[PDB]
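Colleague: all I have is the shape, not the residue letters:
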């Protein structure tokens, strides 16, 4: 499923982000420089 903090969350959706980038998440061309943190790290303190 994958809802680490339910990311496909409570369904209201005003389709109301930014127009262009929708503010695509801080210089997120994708989810490039950052991916090597998660999965592993938190798998020994899972909350």
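Modeller: Cool, got the structure. Numbers count the residues shown, from 1 in each chain.
Colleague: most centrally placed residue in this protein?
Modeller: Central residue of the chain (C-alpha atoms, centre = their mean): residue 7, 6.7 Å from the mean position.
Colleague: what does that one show for phi and psi?
Modeller: Main-chain dihedrals, residue 7, degrees, to the nearest 10: phi -80, psi -30.
Colleague: give me every residue that touches it.
Modeller: With contact set as C-beta atoms under 8 Å, 6 or more residues apart in numbering, residue 7 has no partners. Just so you know, the C-beta spots here come from the backbone N, C-alpha and C atoms, and that holds for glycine as well.
Colleague: tell me how far it lies from residue 22.
Modeller: According to C-beta to C-beta, to the nearest Å, residue 7 and residue 22 sit 15 Å apart.
Colleague: how about residue 36?
Modeller: Taking C-beta to C-beta, one finds residue 36 at 25 Å from residue 22.
Colleague: next: residue 29.
Modeller: According to C-beta to C-beta, residue 29 and residue 22 sit 13 Å apart.
Colleague: same question, residue 4
Modeller: Going from residue 4 to residue 22 by C-beta to C-beta gives 20 Å.
Colleague: same thing with residue 9?
Modeller: With the distance defined as C-beta to C-beta, residue 9 ends up 16 Å from residue 22.
Colleague: and residue 24, how many neighbours?
Modeller: 13 (other C-beta atoms under 10 Å).
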